[PDB]
Each structure stands twice: as C-alpha cells, then as structure tokens.
Peer 1: 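First, the structure itself, so that you have it in front of you.
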Amino acid sequence: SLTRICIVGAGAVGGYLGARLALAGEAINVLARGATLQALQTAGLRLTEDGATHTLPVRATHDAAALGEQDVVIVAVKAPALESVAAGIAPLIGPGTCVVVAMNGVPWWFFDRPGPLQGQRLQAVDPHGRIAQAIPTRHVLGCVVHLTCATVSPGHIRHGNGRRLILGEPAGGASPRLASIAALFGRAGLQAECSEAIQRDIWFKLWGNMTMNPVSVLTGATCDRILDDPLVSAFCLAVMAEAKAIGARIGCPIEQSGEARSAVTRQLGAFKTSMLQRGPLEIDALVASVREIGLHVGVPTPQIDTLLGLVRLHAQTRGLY
C-alpha cells in the first residue's frame, strides 16, 4: 500500500501536497533542513487555506536513513537544489518506491520515452548525470501542478488558488500505480487527473509560461501589463513560436495559438509570477533547457537567446543566479 509517504522539503508545492495528505489522515514524513526542520518539529506542518489554519503533526528529520524506504516520495524542489537533493533521498528509495516529481520547467527525466532524442541528458538540469543515477526513471511519476501556493514562514504554507494536478508515466500510458497515486491525491482533496503522455502536459504549461516568467522579472510588471504592451507582447509570441517549433519536433505538438493562450493569461488579473514571487531563480529549467533542446532538434532560437541572456544577467546582478 501507499503507506510511507515522504515530502522532500516543505516548499510551496511539496508542503501543500504534504499538508493535504496529512489532512486526509495519512502519516506523512518530511525530509527537511535548517529553520524549516526546527519549525516542523516544534509546531508541525502549517496550512492556511480558506481563511483557516491547520497545524498538522508530521515526522520531520534531516536523517533519511532513519526514515528508510518509502512507498511515495514527493519531490517538488527547484532544479539547482536537486543535485544536492537526490543523493540525499537515496535511503528513501527502494525497489517499490514511487517518486512523484512535481517540478517547474523541463524535468531531468523528460526524454525517457519512445521518440525523438530518447535518453538525452540535459545539461541545464542534470549536467553530470548525478540526479538520474540517484533517482532512476522507473521510480518516477511525473506531476504537472495547476494550482498555486506559497511559503509564508518556514513550515507554513499558504494556499493561493486551485486543486488541479496532472499525473503521468514517463514511459507513457496507464498503469496500476498511476491509478493508485491519483486516487491517493484524490482522497486528499486534489483533483488529480491522469495523462497518457505527461510530456505533452509539461510542454504545454511550459509553452504558455516560458516568456511570462523571465519577462516579469526583467521588467517587474504584472501579467496584464505585459500582454497590454504590444511590443513586449510581440516578443512573447516570437519566443512562443520558437518553443512550439521545438515542441512539435519532440513529440508535443501544440494545438492552441500563442495569441489565444495570451488571452487566457491576461484574464487572470494583475498578478505576478512564481519567478517574481530571494532564492536562485529557475532560469535553467525554464529557459536554458528549451534553448538546449532547440540546439539538438535543429530549431534556431535567437528570441529565446535574447530572453535567456538578459534574465540571467538581471539575476546575476542580484543573488538570484
């Protein structure tokens, strides 16, 4: 059964998934460091949702060995932190362990499915191959998160909006464990949907968010101000066209036009991105990876190149890259 459940860290997404499970009455473990660890051991995991706060007793430790093999490990960390996250969750992973990977951008394991560039190691997310060897792909279940939340203080999560999650097998198609993981998340109030090719849900979410994140940090504008200004709008559509060209060649053709997707994003309101709202920015996973895939797949990327250079220097000036 899916009995031993561990969250790596108590970040926005991971901590939210963990709090929902704890609310459903699961025993949940957290692998945590620093001030997050102390807050979790003393107060519990804290969730504010619908104007109500819950304190959820968890088993929080830095010692993965003490925890041992788990049934479900939830990994929702930023890409630069991963390299130092895998080797850490080595004791949590045994033969039967499902690793639910809920990460932004292109995940390290993305290409482990039949089709174009199968098994291609991406230098932007796992250059020395340390993550794929610490977390073998047969363990992983992919997760695209379509809800929002944030970290208030260490070990305290504030739910933004939504309950939507897409789960899928890296190899593709249905499986017994995909149905059991979805049902588990379903019991925890998550509207967990099952994909037949999760790579296509990864690329779709990426395609409509790929320009919007770095554009919002370079400028500081809200998402409505970006799409109103017709010249930055035309830069977005250009970057999206490069992303769509890369996508259609790697097994993820996109049906929606860039202009129609931009209409959905501006109707969300005048709210910031996850890149805007310290900590190293996820530029590598979100931007550098797509440029890298373009270089492999033959599609030129001068619009993405400009976007990458400008946002890495903006973040290099600060302590964000």
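Every heavy atom of this structure was used, including side-chain atoms; hydrogens, water molecules and symmetry mates were not. Positions are given from 1 along the sequence.
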Peer 1: Judged by atom type as modelled, is there a donor-acceptor pair below 3.5 Å linking the side chain of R261 to the main-chain atoms of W207?
Peer 2: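 Here the side-chain-to-backbone pair does not exist.
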Peer 1: Run the side chain to side chain contact (heavy atoms under 4.5 Å, CB included) check on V152 and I157 step by step: do they pass?
Peer 2: CA-CA 6 Å; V152 201; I157 311 297; over 6 Å; no
Peer 1: For the pair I198 and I166, evaluate side chain to side chain contact (heavy atoms under 4.5 Å, CB included) and give the outcome as yes or no after the intermediate values.
Peer 2: CA-CA 8 Å; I198 198 74; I166 320 170; 3.9 Å; yes
Peer 1: Is there side-chain contact between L82 and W108, with heavy atoms separated by less than 4.5 Å?
Peer 2: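 Heavy-atom side-chain distance check passes, below 4.5 Å.
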Peer 1: Of all heavy-atom pairs between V217 and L276, which one has the smallest distance, and what is that distance?
Peer 2: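 Taking every non-hydrogen atom into account, CG1-N, 3.6 Å.
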Peer 1: So which atom in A134 and which in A87 form the shortest heavy-atom distance, rounded to 0.1 Å?
Peer 2: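 Heavy atoms of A134 and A87 come nearest at CB-N, 3.7 Å.
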Peer 1: Ignoring hydrogens and angles, tell me if any N or O in the side chain of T306 forms a donor-acceptor pair with the backbone of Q303 under 3.5 Å.
Peer 2: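 Such a contact is absent between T306 side chain and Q303 backbone.
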Peer 1: Between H159 and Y16, how do the two ring planes meet: parallel, tilted or perpendicular, split at 30° and 60°?
Peer 2: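 Parallel.
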Peer 1: Do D71 and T3 get their side chains close enough for a donor-acceptor pair, meaning under 3.5 Å?
Peer 2: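 Judged by distance alone, the side chains do not pair up.
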Peer 1: Are the side chains of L67 and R4 in contact, using a 4.5 Å heavy-atom criterion?
Peer 2: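 Of all side-chain heavy-atom pairs linking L67 with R4, none is under 4.5 Å.
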Peer 1: Could you tell me whether a side-chain N or O of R200 sits under 3.5 Å from a main-chain N or O of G251, the two making a donor and an acceptor?
Peer 2: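 Not confirmed, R200 side chain does not pair with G251 backbone.
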Peer 1: Hey, what do you get for CD1 (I283) to NE2 (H314), rounding to the nearest 0.5 Å?
Peer 2: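 Those atoms lie 8.5 Å apart.
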Peer 1: Is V239 linked to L310 within one hydrophobic cluster, defined over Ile, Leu, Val, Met, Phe, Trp and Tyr using a side-chain heavy-atom separation of less than 4.5 Å?
Peer 2: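 Yes, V239 connects to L310 through the hydrophobic network.
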Peer 1: Just by distance, do the side chain of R46 and the backbone of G44 share a donor-acceptor pair under 3.5 Å?
Peer 2: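 The answer is yes, because a donor-acceptor pair under 3.5 Å joins these two groups.
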Peer 1: State the CG-CD distance between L184 and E26, to the nearest 0.5 angstrom.
Peer 2: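 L184 CG to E26 CD: 5.5 Å, rounded to 0.5 Å.
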Peer 1: Can you find a heavy atom in the side chain of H139 that is under 4.5 Å from one in the side chain of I93?
Peer 2: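 Side chain of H139 against side chain of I93, heavy atoms only: contact under 4.5 Å found.
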Peer 1: Test your reading of the model: is there a side-chain donor-acceptor pair from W203 to the backbone of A243, 3.5 Å cut-off?
Peer 2: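 Yes: the side chain of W203 pairs with the backbone of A243.
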Peer 1: Quick check for you: to the nearest 0.5 Å, what is the distance between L31 atom CG and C6 atom SG?
Peer 2: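 The SG atom of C6 is 5.5 Å from CG of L31, to the nearest 0.5 Å.
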Peer 1: Group every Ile, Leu, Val, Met, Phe, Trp and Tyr by side-chain heavy-atom contacts under 4.5 Å, then state whether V145 and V106 land in the same group.
Peer 2: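 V145 and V106: separate clusters.
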Peer 1: Below 4.5 Å, heavy atoms only, C-beta onward: do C223 and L268 meet side chain to side chain?
Peer 2: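 Not in contact.
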Peer 1: Distance only, no hydrogens: is a donor on one side chain within 3.5 Å (strictly under) of an acceptor on the other, for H156 and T48?
Peer 2: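 Yes.
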Peer 1: Rounded to the nearest 0.5 Å, what separates atom CG in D229 from atom CD1 in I226?
Peer 2: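 Taking CG in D229 and CD1 in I226, the distance rounds to 9.5 Å.
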Peer 1: Keeping the roles fixed (side chain from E282, backbone from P280), state whether a donor-acceptor pair exists under 3.5 Å.
Peer 2: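 No, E282 side chain to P280 backbone: no donor-acceptor pair under 3.5 Å.
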Peer 1: State whether the number of non-hydrogen atoms from other residues, nucleotides or ligands found under 6.0 Å of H146 atom NE2 is greater than 12.
Peer 2: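 Buried by this count: over 12 neighbours within 6.0 Å.
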Peer 1: Side chains of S180 and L2: does their closest heavy-atom pair fall under 4.5 Å?
Peer 2: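 They are in contact (side-chain heavy atoms under 4.5 Å apart), so the answer is yes.
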Peer 1: Check step by step if salt bridge (charged side-chain N to carboxylate O under 4.0 Å, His left out) holds for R113 and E169.
Peer 2: CA-CA 9 Å; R113 83 278 168 264; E169 293 281 353; over 6 Å; no
Peer 1: Quick one: does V140's side chain get under 4.5 Å of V75's, heavy atoms only?
Peer 2: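 SC-SC contact between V140 and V75 ruled out.
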Peer 1: Determine the sole option in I7, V101, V99 for which the side chain to side chain contact (heavy atoms under 4.5 Å, CB included) test with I74 is passed.
Peer 2: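 Only one option passes, and that is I7.
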Peer 1: Quick check: is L165 connected to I5 through a chain of hydrophobic side chains (ILVMFWY, heavy atoms under 4.5 Å apart)?
Peer 2: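 Yes, one cluster joins them.
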Peer 1: Of the non-hydrogen atoms in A192 and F185, which two are nearest, and what is the gap between them?
Peer 2: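 That closest heavy-atom pairing would be CB-CB, 3.9 Å.
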Peer 1: Got a donor-acceptor contact below 3.5 angstrom from the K244 side chain to the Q256 backbone?
Peer 2: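 It does hold such a pair.
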Peer 1: Side chain to side chain contact (heavy atoms under 4.5 Å, CB included) for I135 and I89? Distances and angles first, verdict last.
Peer 2: CA-CA 8 Å; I135 314 170; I89 71 153; 3.9 Å; yes
Peer 1: Please report the closest heavy-atom contact between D126 and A132, naming both atoms and the distance.
Peer 2: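 Nearest pair, atom of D126 first, then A132: OD2-N, 3.3 Å.
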Peer 1: Can you see which heavy atom on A32 is nearest to which on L40, and at what distance?
Peer 2: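 Result for this residue pair: CB-CD1, 3.9 Å.
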Peer 1: What's the spacing between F110 CZ and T137 OG1 if we round to 0.5 Å?
Peer 2: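 Rounded to the nearest 0.5 Å, the CZ-OG1 separation comes out at 13.0 Å.
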Peer 1: With distance as the sole test, does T97 use its side chain to make a donor-acceptor pair with the main-chain N or O of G94 at under 3.5 Å?
Peer 2: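 Present.
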Peer 1: Tell me which donor-acceptor pairs under 3.5 Å the side chains of residues 286-294 have, and how far apart each pair is, sequence neighbours excluded?
Peer 2:
| unit_1 | atom_1 | unit_2 | atom_2 | d |
| --- | --- | --- | --- | --- |
| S289 | OG | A285 | O | 2.6 |
| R291 | NE | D305 | OD1 | 2.8 |
| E292 | OE1 | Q123 | N | 2.8 |
| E292 | OE1 | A124 | N | 3.0 |
| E292 | OE2 | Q123 | N | 3.1 |

Peer 1: In the single-linkage hydrophobic clustering (I, L, V, M, F, W, Y; side-chain heavy atoms under 4.5 Å), do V77 and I28 co-cluster?
Peer 2: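 Different clusters: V77 never reaches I28 through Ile, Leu, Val, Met, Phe, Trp or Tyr contacts under 4.5 Å.
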Peer 1: Can you tell me if CZ on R163 sees more than 12 non-hydrogen neighbours from other groups inside 6.0 Å?
Peer 2: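 Yes.
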Peer 1: Checking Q70 side chain against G68 main chain: does a donor-acceptor pair fall under 3.5 Å?
Peer 2: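 A pair under 3.5 Å: yes.
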Peer 1: Using only atom types and a distance under 3.5 Å, with no angle test, would you say the side chain of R130 pairs donor to acceptor with the backbone of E83?
Peer 2: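 Flag not set: sc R130 to bb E83 has no pair under 3.5 Å.
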Peer 1: Measuring from atom CD of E259 to atom SG of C236, what distance do you get when rounded to the nearest 0.5 angstrom?
Peer 2: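 The distance works out to 11.5 Å.
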Peer 1: Between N161 and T148, do the side chains contain an N or O donor and an N or O acceptor separated by less than 3.5 Å?
Peer 2: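 The criterion, which ignores hydrogens and geometry beyond distance, is not satisfied for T148 and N161.
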Peer 1: Would you call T53 and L47 a side-chain contact if the rule is heavy atoms closer than 4.5 Å?
Peer 2: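 Sidechains of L47 and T53: no contact.
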Peer 1: I'd like to know if the side chain of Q118 pairs up with that of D112 as donor and acceptor (distance under 3.5 Å, no hydrogens or angles considered).
Peer 2: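 The answer is no; no qualifying pair exists.
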Peer 1: So if you build clusters from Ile, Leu, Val, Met, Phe, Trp, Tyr with side-chain heavy-atom gaps below 4.5 Å, do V299 and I202 land together?
Peer 2: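 Result: yes, single cluster for both.
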Peer 1: Over all heavy atoms of both residues, which pair between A39 and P154 is shortest? Give the atoms and the distance, please.
Peer 2: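 Smallest interatomic distance, heavy atoms only, reads CB-O, 3.2 Å.
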Peer 1: Please say whether more than 12 non-hydrogen atoms of neighbouring residues, nucleotides or ligands are located less than 6.0 Å from CZ in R121.
Peer 2: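 Enclosed.
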Peer 1: Quick check: do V8 and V30 have side-chain heavy atoms less than 4.5 Å from each other?
Peer 2: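 No - every pair of side-chain heavy atoms lies 4.5 Å or more apart.
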Peer 1: Evaluate the criterion side chain to side chain contact (heavy atoms under 4.5 Å, CB included) for residue pair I131 and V85; output intermediate values, then yes/no.
Peer 2: CA-CA 8 Å; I131 301 156; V85 107; over 6 Å; no
